[PDB]
Each structure stands twice: as structure tokens, then as C-alpha cells.
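>>> first chunk of the complex, coordinates as they sit in the assembly:
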Amino acid sequence: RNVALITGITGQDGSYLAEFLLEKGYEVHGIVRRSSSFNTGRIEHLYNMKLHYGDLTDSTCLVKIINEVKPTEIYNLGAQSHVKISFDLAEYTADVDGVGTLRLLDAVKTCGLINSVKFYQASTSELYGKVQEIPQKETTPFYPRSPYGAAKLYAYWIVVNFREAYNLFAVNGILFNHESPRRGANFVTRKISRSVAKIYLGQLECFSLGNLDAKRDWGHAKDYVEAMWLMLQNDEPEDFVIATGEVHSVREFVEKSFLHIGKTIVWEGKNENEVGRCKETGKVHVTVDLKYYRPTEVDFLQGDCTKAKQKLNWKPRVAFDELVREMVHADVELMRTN
Amino acid sequence: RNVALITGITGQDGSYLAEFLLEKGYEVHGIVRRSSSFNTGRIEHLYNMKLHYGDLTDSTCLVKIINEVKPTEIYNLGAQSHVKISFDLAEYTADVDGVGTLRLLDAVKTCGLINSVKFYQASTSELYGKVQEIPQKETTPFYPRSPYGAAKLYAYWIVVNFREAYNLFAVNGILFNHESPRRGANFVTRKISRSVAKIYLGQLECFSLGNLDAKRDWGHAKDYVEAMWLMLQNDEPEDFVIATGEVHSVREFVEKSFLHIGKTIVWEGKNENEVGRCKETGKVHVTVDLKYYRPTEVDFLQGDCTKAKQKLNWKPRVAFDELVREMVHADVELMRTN
């Protein structure tokens, strides 16, 4: 008996995880938000999958779904997951990402499955914020830098408390940034690949970004959902960092993406006046707008996943250069039909 | 200076109202929910229009948006608007549709606009529920029949209270059911037009409905948004019913719809056993499934818009027959493209 309940199923990770579990024969249930428009685009092709309307801010609907499903595994991937947006939607972010994790854990307990279900919490490298060690590992002290990070830090600890207080098998996946052709358009990587594709297809000339110098450890979401499953197959509930260990800047993501389009970006200027120009035509394709900057930036992330490699036999499979090429090519094809 | 702020701008009505106001030279602002997927499909062609991330359950976010926008007219169309879904998402529905209306009124008062802004609240014929008079007018006593109805009733009265307590120009548009080619696919009219369109195209053979006997007063959303604006142009803030005054059953909507694709439906059986088959080929095209029924149904609605005619000089332009035709043709063209 393998029955998974995935909150956040319509999102990037939930769509890949649903495919991964379905491939292993699981009965997969997802919680979907009511929307005035179609919002199951990433999982429509899958429709052993059953969807249920619900919301992490509504405790009763969570108890009803859990009681009906009686899941053996629960992956809480549901979240307002964008950092910039969390600065103006701070309360909504706390209620969903923080208190919502509590509501889900308490629904499991109310449903009497405290000793039967395994629970995965979608923790994040954003918890390290202004990093206290480089690279960051499980024992590196957290230092959140946004309402999103603080809300996720509450969720990380309430999951630890349910594990310690009630013996729930619950684990925190401390995942560093992971992208894919399904990444939300609002994250920097997908914003770049979509924009570069458009410029290639002549649908766009230039686009603006915020902080070009931010440095990230970027992996492919498909590889990372496999780590979530591996953490719930472990004999004991443990928390793990999952990451690539390699760092690149936003500037580098931009340069490599344009290379796939046949253009070489040359940078000129500083700060909000810096621009990215085609080395040949001299045409400006990238500009900077402070409106995209964060009040308290997270300047650098680099994860050390030695524990996961040794205990779960997990490892990144897709590297940075291949990730970038895949996203640009996927968006060129997508935009082609536009 | 005409600056409108529309909550629920990505929904059916918000998309038509944005068009209507843009056409009048308004500066239009909309509050959009953060989503992991693209969710501005109904208004993307409008890109005079400014969108702001927000949520009716986050008070500060509404204050920030209203201070930045400084609107002269606010239309609160945002809501979890589906009745059936409200039974399992009762709390979220009360928080968004009921308390959210107060959050928006309180943001207005906090932003110092109580004496300058005009506020439109999206009330609804669902307030009459188990109807206390036929037809229903502004003075017919309410009798909600779902968590949605109850939440909208709290919103109706908190709006009346800000009007009476603080002289805010605030009104309740008590609109009866209105549809269009942009209607959510989950509502009965669009579920029928889309399903009939697929059958015609050979992309579907049969679909199931819930209660065939329910009767509704159905108008076209494009006509009704005009009445919203007119209420905000009236000299005094008053509440108004907006409706066609004509009633049809779900069964008749089904019949007229198949008629537009050259099929005549004949019914057999009763209750959940009843079926709809092509009178010419005898093929079953419509079945019933209890899962679509509601615990406490709203059997009948017929609205009386005499007051709106007298003070607004308003009257519906599209009638029932034209509405069904338009939706079925629209969906045949949409399904044909994919």
C-alpha cells in the first residue's frame, strides 16, 4: 500500500513528484486550490491520480481530505514560494507557509495517523539567508532574510517538534534552488530563459532584471523530487540538505542563455545603469531595474549535500550548463507555438 | 480623475469590467493573486492597466495597494465564487468573501478615502437562497443556503454598515446569475457549452450533470458590469438587484445547447437515473451523478430589477437564447483550435 498526498501538486515540484510516484505505482492524491481559471496545466497529462479542492489556510478541508485518503506519505509542497512577493504579502505568506504546515501536521494527528504516515516538509536554502558558513550544511545556523524565510523557519521547527513530541516520521528537505522548464515565470531563471527565447523569436527586444550579482546553487527539479521520496524511504526521519554544490551568478545564467541563442552579452555600466549588449549588433538586450531588487538580499548560497549522498545515495544528475540549455530550448519551442 | 481598483480582476466579471472602464479612459488597477501558474488569461490582451499582487485575506497588502493606487472607485469582485466548492472550503470562503470585504472597507478607511472613494460590493442572488418572495427584489428577505451564501450575507451587511456609519458611498449590486464565453468552466452553463462543443467536435461522447431541475435567471456578464459602473454614478449610494426576470431550468440550458449543434435531446429515467440521448441516433449524451448535487440546493431564482430600471435607466441587452448560442459557438471555436 503506497498512497501519497501532495499539497502543492499543481506547482513545479508537485508536478514532477506526481510523475515520479505514479511511475512507481503509487496512488497519488493532490490538493488543488480553487481558481477562476484552469490551473492544472502542469499535471493535466496525468489526468492513479485524484485531485481534491482545498487550501492550507482551511484546517477542516485538510482533515477531511486526509481522513478520506489515509495517505501513507504526505509531501507538503504547498506554499506562496516567491521571496520578492513575500515582502508585500508577508502575513499571507506566514499563514500559508508557516501556520499552514502546522495545520497539516495537526490534521494528520487529528486523523489518528501520527504513527502511520511519513511527512515531508519542503524546507529551503532560503533558511540560511545571510550565510553563516560556506558551503551550508545541516548544522549551519539559519539566518532568514525575508518574510518567506522566516515563515519557512517556523515550519521547519514545528515539523521538528511534531517529530520529537509525537514520534511522527517527519523530515525537512533543505533544498537549494531547483529549476526546470516548468519553473514559475517569476523566478529569475525562467524569467531569463523565457525572455531570451522571446528575443530569439523576435517577440521581444529587451528585458530588465534586478540584482545581477546574486549567486546561487541551481539544480534541476526532476532530480530533487527524487530526493524527497528517498528521504521518506530512510529508516529514520532525518533532515537533509539537497543541492549541487556549484555556484553561478544571475549574470552567468544570462550569459549562458544568450549563448544558446547565438549571442554574446557584453556588460557596460554599473548598478541600476548596467546594461547587457549583444557583442555584435550593439543592441541592448538586458537592463537593470531596482524594482526587482529585494530589501534584504540573500547574496550567496552553496549547499553541501554530503550527508544525503552518503545516506540516501542521492546526487545531482543534471548540471548547470545542461539545465540552462534545456530551459532556453524548451521555451523557444513553447514560444514557437506563439 | 478616474482611477478604478478591481479586486477579482482575473475573473469573468473583472475582465469585462476592466475593458468597459478602459474604454471610458479610466486608469485601471487590479489585485491579482500570486499563483504558481499563469492566471491572467482573461485580461492578458489588455496589457492604462496595472496589476498588483495581493490577497483579500492579507490586510496590510490591501492598505499598501490602496495607498499606492489612490482609487476613485473600488469594485470588490474578488471571491471564492463557487457554491458547491464552498461546502468543503467553508472557512476559506468566509474569510475571503465575508471577512475580506471588511478588510477592504477597513483599508479604505485606514487610507483616508472614506469620503472620497465609491465602493461597489459584488452581492448576489444566492443571498435569497430558499426564496422568500417570487420574484426577488431589494426588500425580499435573504435566506442563504450555503457557506458561500452566508459569507456573502455578512459582506452585504458590513458594506451597509460602513455606508450608514461613516457615510462611505458604498453599494451592493445584488446580481443574479450571469455567464459568458469567459465563465469559469466549473459553473453549470460553461460546463454544458464546453461539453456540447466537444461532443460536436467528436472530442467527447457523454458528460454528467447534477440537478437538472434547478431554475435560474441567466444574463450576460458583459451587460451586468455596465450596471456596476452605473450604480457608482448614481447621486446616492443605493443597493440594486440586476437580473433579466426570465427563468429557465438546467434541463432547458442543456436542450438549447445541443439544439445549436443540431441535436435534439430526449430525456428518460428520473433523478440520478435520468439520461439524455440524441432523439435521432439514440445515443446517450447526458447523465446524472449525485456528486454534483449540493446538500442544500437553491431550487429557484428570478430577479426583479424594477429599481435599477427606474434609477439607473438600465436594462439587459442579451437574452437567454442569444446567451446559449454565443457560449456554444464560442466553445466550438475554442475546442476546435485544440
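Cool, the structure landed. Numbers count the residues shown, from 1 in each chain, chains lettered A, B, ... in the order given.
>>> surely residue A:167 is in contact with residue A:114?
Yes - the pair residue A:167 and residue A:114 passes the contact test of CB atoms under 8 Å, sitting 7.3 Å apart. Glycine gets a C-beta too; all of them are placed from N, C-alpha and C.
>>> element containing the one residue in the stretch 101-250 of chain A that gets nearest to chain B?
Residue of the stretch 101-250 of chain A nearest chain B, by CB to the nearest CB: residue A:184 (5.3 Å). Taking DSSP states H and E as the definition, one finds residue A:184 inside no helix or strand.
>>> need the longest helix for chain A.
When secondary structure is assigned using DSSP state H, the longest helix within chain A turns out to be helix A:147-166.
>>> and the helix or strand just after that helix, what does it pack against?
Beyond helix A:147-166 on the C-terminal side, the first helix or strand identified by DSSP H and E is strand A:169-175. With contacts defined as 3 or more CB pairs under 8 Å, 6 or more residues apart in numbering or on different chains; DSSP states H and E, the secondary structure elements packing on strand A:169-175 are strand A:118-124, helix A:147-166, helix A:221-233, strand A:240-242.
>>> next, format those as CSV and append distance to residue B:158.
What follows is the helices and strands packed on strand A:169-175, written out as CSV (distance: least, CB to CB, whole Å):
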stretch, distance to residue B:158
strand A:118-124, 36
helix A:147-166, 28
helix A:221-233, 43
strand A:240-242, 47
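>>> between residue A:167 and residue A:114, which has more neighbouring residues?
Of the pair residue A:167 and residue A:114, residue A:114 is the one with more neighbours under other CB atoms under 10 Å in any protein chain shown, namely 18 against 11.
>>> could you pull up phi and psi at that one?
Listed backbone geometry of residue A:114 is phi -60, psi -30, with angles given as degrees, to the nearest 10.
>>> one more, chain C:
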Amino acid sequence: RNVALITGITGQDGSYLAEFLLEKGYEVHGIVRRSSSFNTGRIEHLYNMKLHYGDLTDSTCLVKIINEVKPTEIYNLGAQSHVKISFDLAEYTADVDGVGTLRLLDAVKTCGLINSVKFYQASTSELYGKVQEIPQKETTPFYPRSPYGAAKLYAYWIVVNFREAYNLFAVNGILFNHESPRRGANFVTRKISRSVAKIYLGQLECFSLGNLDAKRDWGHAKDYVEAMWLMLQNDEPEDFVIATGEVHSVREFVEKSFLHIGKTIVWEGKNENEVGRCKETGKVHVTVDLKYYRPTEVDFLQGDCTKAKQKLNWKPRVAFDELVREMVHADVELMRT
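Placing chain C onto the earlier chains gives this:
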């Protein structure tokens, strides 16, 4: 098996209801809010009674409590119950009085007791607000006049909806104003009795009120909680107005309270400048301050409780004059200490 769960057990009504049910041999459980200070003053003498920490804004705590208690009767009396206060705490009032009622109903359902518990909702005459008929009865249309009234109106209908959708035995008691020596200090009657008692004791010289001309139908809370239990004893779940049918103004409550400490108030002036002065001593003891007015007043309330008299055989025992005397005498004794 008689097990009652009372939300709002520390408040006026909850305290009288808990006593009434304990006298009938019920096992009584109440939900109490965590407080930094002692807050069980009204029910300490009762401590058959068990208390549980909880809050109507925390869903899980309500499920936990109900699951443990398995009550046969639930009385939802918990609420931010003050009208003036609701204008400045309109959202908290909505969340506790409106959504909190839904939270308790869903907890019942979640716990599998939808068919085994009888539920009483503390509805109110404030629902009639700007009254649409006089007197007001079960069928008089509602017209709320404050964030409190709107929130209680939502509660009223969500209770009807659980009754209609799921066959829960749930009832709305539409109670008109009821007071007692246990009434909160900031309601008008207790404000007047405590202030009049302090004046008699030489602890105060004068106090200010708001709208002296408001009219109310005032009963005694001890009489009204009996009606709540009667509603749950009824064969079918029905809604009932509970009231005295007699009206008095705030001004009359003031006059009668002063007569009980040996003073005759004589009014002079108008509106915010009106004052009540002692006939014998010539001292001003009552003034008016607009800060006590409500933006949208409820001018008049008079309940018709024919239905309850007929079906429940309920009748109020304490009349207005006796309520005033009891409140003033009790506060004179209370303030002496």
C-alpha cells in the same frame, strides 16, 4: 448521559448556565481562554465541572476538546459580545463571533457527532438592529447595525445551514438584552449600577453616558439561560425569541438606579450638554459624552416571545424594577470591599 460543553463559560450567561446544568446533574465542560490573570471569577465557586483551555479562533483546539468530551449538548456562548467595541475590533469580532461559530460546527462534524449532539447558538436581538417591525419576532427581517450584528448574522445562518444540510439538531436562541449582578462592567446597565453604587459610597461624584434615549427590553440572565436548555429539550430544532416584551430607556434605568440609593435625578440641557442633577443636593451626577455613542445606533428593541411561551412554556420571572434593585444593591455591597 448528560454532558454539556459550554464555550463562553466564564462570561455572564455561561456562569449561570453552568450552575443550572450542574443542578440537573450534568457533567459540565467549559472552554476557557488563556489569560495572564485569574479569569474564572464567575465560576470559581463551582470548582462535575471541568475546564479546558481553548479559543474560538483555533480549529484544532476545538476538535481536541470535543473529541475528548463527546458532549450530548453544546452551548456556543463564546463571543466578543460588546457592540461599541465591535466598531474598533470589527475583524476580531467577525473571526470570533461569525467564523468561530462555523469552526465549532465543523469541529462537531469532524468528530463524528453531527447526529448525536444538540447545538445551541447565542443569537441576539441586535440582529434586528434598525427594527423592521415592532415588536420583533422570529420572522421579523434582520437589519444589523454594527460589526457585532453582522458577525452574529453570519453565525445565525451558518447554524441554519448545518441544520439543513447535515441534519444537525442546532438552534438559534434570539435573546434580547439580559443583565444581572454578573453583567460585564461596560454594558450600560452595569455601568450605571456600579457608578451609582460608587456615588452612594462616596467613591465617585459623577459619570458619563452616551445616548440616554435608547430603548431596550431588559430581562435577567438567570431566567434566560433556562430558555437555552429548554430549546435543546424541544422535540425538533427550532429558533426562538426570548424577551420580556417590556421597554425602558437608558434614562429610566438611570432614574430608577439613583432612586435606589435615595436620590432623585432631574435632567437639564440637551444632547451632549444634558446633565442629570440630584434634586436634594443639587450636584451633577450624570453627564453625556459623544465618545459613548455608536455610529449606527439601535434605537429601540422589544421582543415578542409568544412562540417560546407556547412551545417551551417559558416565562421570565424577574421584571425590570426588581432587576434594577438587585444590580444596584449588589454593587453597593461589592464596592464596599
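>>> if we can go back for a sec, relative to strand A:169-175, how tilted is the longest helix of chain A?
Counting by axes from the mean of the first three to the mean of the last three CA atoms, to 10 degrees, helix A:147-166 points 160 degrees away from the direction of strand A:169-175.
>>> quick check: buried residues in helix A:147-166?
Of the residues in helix A:147-166, those scored as buried under the neighbour-count criterion (16 or more other CB atoms under 10 Å in any protein chain shown) are A:147-156, A:158-160, A:162-163.
>>> surely residue A:284 and residue A:273 touch.
No - the criterion here is CB under 8 Å, and residue A:284 misses it with residue A:273 at 11.4 Å.
>>> quick one: contacts for the closest residue in space to residue A:59 that isn't next to it in sequence?
In space, residue A:59 comes closest to residue C:59 once its chain neighbours are excluded; the distance is 4.0 Å by CB to CB, 6 or more residues apart in numbering or on different chains. Counting by CB atoms under 8 Å, 6 or more residues apart in numbering or on different chains, residue C:59 makes contact with A:59-60, A:103, B:91, C:103, C:106-107.
>>> do that again at 10 Å, thanks
A:58-60, A:62-63, A:103, A:106-107, A:110, B:91, C:99-100, C:102-104, C:106-107, C:110 (CB atoms under 10 Å, 6 or more residues apart in numbering or on different chains).
>>> and the longest helix of chain A, how far from the chain's centre?
Helix A:147-166 has its C-alpha centroid displaced from the chain centroid by 17 Å (CA atoms, centre = their mean, to the nearest Å).
>>> now swap in stretch A:297-313 and tell me
Computed by CA atoms, centre = their mean, the chain-centroid distance of stretch A:297-313 equals 15 Å.
>>> regarding that stretch, how distant is the last residue from the first?
End-to-end span of stretch A:297-313 (CA to CA, to the nearest Å): 33 Å.
>>> also, this goes in as chain D:
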Amino acid sequence: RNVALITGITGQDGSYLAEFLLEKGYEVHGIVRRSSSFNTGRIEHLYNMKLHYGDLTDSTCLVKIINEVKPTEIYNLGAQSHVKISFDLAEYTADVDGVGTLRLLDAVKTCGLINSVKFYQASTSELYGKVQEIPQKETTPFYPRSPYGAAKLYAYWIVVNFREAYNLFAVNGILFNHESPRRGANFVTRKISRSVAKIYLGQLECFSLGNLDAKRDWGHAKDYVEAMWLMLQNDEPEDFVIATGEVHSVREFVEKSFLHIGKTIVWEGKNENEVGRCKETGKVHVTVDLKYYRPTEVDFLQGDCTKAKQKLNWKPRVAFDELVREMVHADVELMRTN
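Now chain D, sitting on the chains shown earlier:
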């Protein structure tokens, strides 16, 4: 000139802090919760103090109060502060202690006072939970052990975020346990001093406790509120541990309290069967009940306040022995009356 706004003014710390600030000539404002009973007992003798009704879960009321008061200093002491209660009131504790801190910070920002107010957050040694270093200091990593600790940890970091993101002068006082004759009756120290006083007076014979072996750093609340004010007088906003650095067990607090009433307690038995019996009379005066234990105990706390001592010139004045004597003596006088 000097205007303080204190949330949690009716509690133990708020009552002492109000007195400390009134002595310095401050105009002191407090936020008090609406209650069906008198709830201002600790501050009624103060009657330059003004009270405002409000709740940390209602943002509109906080904006209204901060606008009216325009404080130069805000002390956020308001909280559901009991650890045991937080296990069954986890969501309410999160909404008040965690999110409520965000609401108060956002209200300061909405009110335009981000650059003029100084903000003190009531952080706590419970943040160290399962302690990662002994003694604990500012740089010791947090490890919360209850819904109260997780909620306070969200609050600690959202305060840090407003300081860094918006230059708010905001500080976290990481205070270790502090008690007084005004401590809440449900906390262990006051439970013991009240019970022992009743025993001395003949009003009680025995009482039950939970975990006798817990160890704590106990100081006197009057000394500690002085530190809160000192942190807001510092030139730069910094976080500080405030504590005595001396540690005792619950068992020693029981033993010393009984000594003040002329009794020597002798322990017998183990775990939930352990009892404390009078050496002279052999009467049992203390028993153990597992219902007072916590699922995840905080076994030991010892604070290192070296930073505060050096930068603020603060030092604890009341030592443990005197704290116990004062509390038992005050409770004997209190109970003598009734």
C-alpha cells in the same frame, strides 16, 4: 517627548515596565484585551497611563492605536506566554506570538514611524530549547521545543528582518525566566509559592507538579524590565541575552519555598510516583502528575549575559534565594487575606 506603547501591559512584565517608565516621566500607553471580566489587576493602582482596547490578531486596531499614540518607544510584550498551553493552543499561539509581531511591525511601518520609533521584542530563552551550548549566549544556535518557542522564533527573525530591511531600530531581548509576586499562577514558581503559602495557612494540604528535575535560570521581573528600557537607549539596535547565569531545579525551588514556612521536604519514590513529604510530620505535601509534563521538555537553561553587562551596564540584582523568599512571603500575605 517620551511616549511608550506597551502591548501586554496587563501581564507581569508590562505592569513593572509601566511603573518603571512612569517613574521616568513617560506618557505610557498600553493595549488591553477586551475581556468579560476585570483584567487590569496588576496595573489598577496606576489608574500618565492611558489604556486602549486591541488585540495582536487585528491589524486595523494596531494601526489605529499607533496613529493616535505616536510612540517614541514600543515594547511588544503581548503574547500567549505559557509553554504547556501552547501544545494544545498551537495555532492561536502562532497567530499571536509570531504573526502578531509581524502585524505590529507592519503597523509601525504603515503609520510612517519606521524611522522614529524604537521597538523592543519580547524574545526568550525558550528559543534555545534543547540547548546547543552551555551557557547560552547571543550567538548560541536556537533549537525550540514547543509551539510557543517556534512562534517566538518566527517573531525573533521577522524583527531582525524589519531592522535590516527598513532600518527600524528594533531589538530582541532574549530574556531568561523571570518571576515575581505578580507572576502568572500557572507558571511553576508562582504555583509553588501560592501552594506552599496555602499549606502554611492550613488552606491546602498537598499539591502536584510535573517534572521536578527541570533546571532554570530564574531572575526577578522588576530587574529585567529595566534591561528592556536600556536596550532601547543603546546607540545601535542590538540583541541581548538578559539572565542571572545561576541555575536551580524545580525541586530546589520547592525545597527552598517549604523552608521559608518552617518545613523540610524529603523526597521518596520515582517518576510519577515521587512525593515530597514533611520531615517532621511525615505529611505528603507534593505529588507528581504526568499531565503537567511537556511532550518535549526544555531540560536546562543558563544564560550568559556578558554582552549586556558590558554594553548596557545591566546586572541582575535579586538572586534566587531572595526571589523565593519574596514570592512565598507575598503569597502568605495575599492568602491570609483572600
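>>> once more on the contacts of residue C:59, this time with chain D?
Contact partners of residue C:59, counting by CB under 10 Å, 6+ apart, are A:58-60, A:62-63, A:103, A:106-107, A:110, B:91, C:99-100, C:102-104, C:106-107, C:110, D:91-92.
>>> let's see that with 8 Å instead.
Neighbour list for residue C:59: A:59-60, A:103, B:91, C:103, C:106-107, D:91 [criterion: CB under 8 Å, 6+ apart].
>>> gap between the residue of the stretch 51-200 of chain A found nearest chain D and chain C?
Residue nearest to chain D within the stretch 51-200 of chain A: residue A:165 (3.4 Å; CB to the nearest CB). Distance from residue A:165 to chain C, counting by CB to the nearest CB, to the nearest Å: 14 Å.
>>> residue A:21 now?
28 Å.
>>> ditto for residue A:47
Going from residue A:47 to chain C by CB to the nearest CB gives 29 Å.
>>> likewise for residue A:324?
Taken as CB to the nearest CB, the spacing of residue A:324 relative to chain C amounts to 45 Å.
>>> ok, now residue A:92?
As defined by CB to the nearest CB, residue A:92 lies at a distance of 15 Å from chain C.
>>> and for residue A:275?
47 Å.
>>> identify the bridge partners of that residue.
residue A:268, residue A:287 (DSSP bridges).
>>> give me the residue from the stretch 51-200 of chain A nearest chain C.
Here the residue of the stretch 51-200 of chain A nearest chain C is residue A:59; by CB to the nearest CB that distance is 4.0 Å.
>>> map the structural domains onto the sequence of chain A.
Here chain A is described, according to curated CATH domains, as comprising the domains A:1-183+A:219-246+A:298-318, A:184-218+A:247-297+A:319-338.
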